[PDB]
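**Q** This note's numbering puts the sequence shown at residues 7 to 36.
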Amino acid sequence: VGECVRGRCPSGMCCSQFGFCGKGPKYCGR
Ligand SMILES: CC(=O)N[C@@H]1[C@@H](O)[C@H](O[C@@H]2O[C@H](CO)[C@@H](O[C@@H]3O[C@H](CO)[C@@H](O)[C@H](O)[C@H]3NC(C)=O)[C@H](O)[C@H]2NC(C)=O)[C@@H](CO)O[C@H]1O
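#1: Would you grab the beta carbon distance between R36 and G25 for me? Rounded to a whole angstrom, and I think it's under 8 Å.
#2: Taking DSSP as the reference, what is the three-state secondary structure of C10?
#3: Look at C15 and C34 and say whether their C-beta atoms are less than 7 Å apart.
#4: What's the C-alpha gap between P31 and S17?
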């Protein structure tokens with residue numbers, strides 16, 4: 007859960023190096 011479409015997620019998240027998403031360090035650089 008929280009997995010990107012291999013680079014993106016819904017309107018506001020950023021995506022990680024496993025392709026999970028959020029607005030924390032490894033998701034958005036912060
Ligand atoms: C400096 C660096 O990049 N170090 C590498 C480690 O980060 C990496 O571990 C894996 O990191 C990723 C994030 O980049 C982890 O992602 C998490 O994956 C879980 C899976 O259920 C997910 O729920 C989380 O949301 C997601 N978080 C983020 C922030 O994306 C992942 O868990 C780490 N390892 C494993 C085995 O799952 C390791 C190994 O890949 O390498 C370092 O070089």
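Ideal Cβ positions, reconstructed from N, Cα and C, are used throughout, including at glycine.
**A** In terms of the structure at hand:
#1: By one-based count along the sequence shown, residue 36 stands at place 30. By one-based count along the sequence shown, residue 25 stands at place 19. Contact flag wrong, Cβ pair sits at about 18 Å.
#2: Here residue 10 is taken as the residue at index 4 of the sequence shown, counted from 1. If DSSP states are grouped into helix, strand and coil, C10 belongs with coil.
#3: Here residue 15 is taken as the residue at index 9 of the sequence shown, counted from 1. Here residue 34 is taken as the residue at index 28 of the sequence shown, counted from 1. Not closer than 7 Å, so no.
#4: On the sequence shown, residue 31 is found 25 positions in, with the first residue counted as 1. On the sequence shown, residue 17 is found 11 positions in, with the first residue counted as 1. Their backbone Cα atoms lie some 18 Å apart in a straight line.
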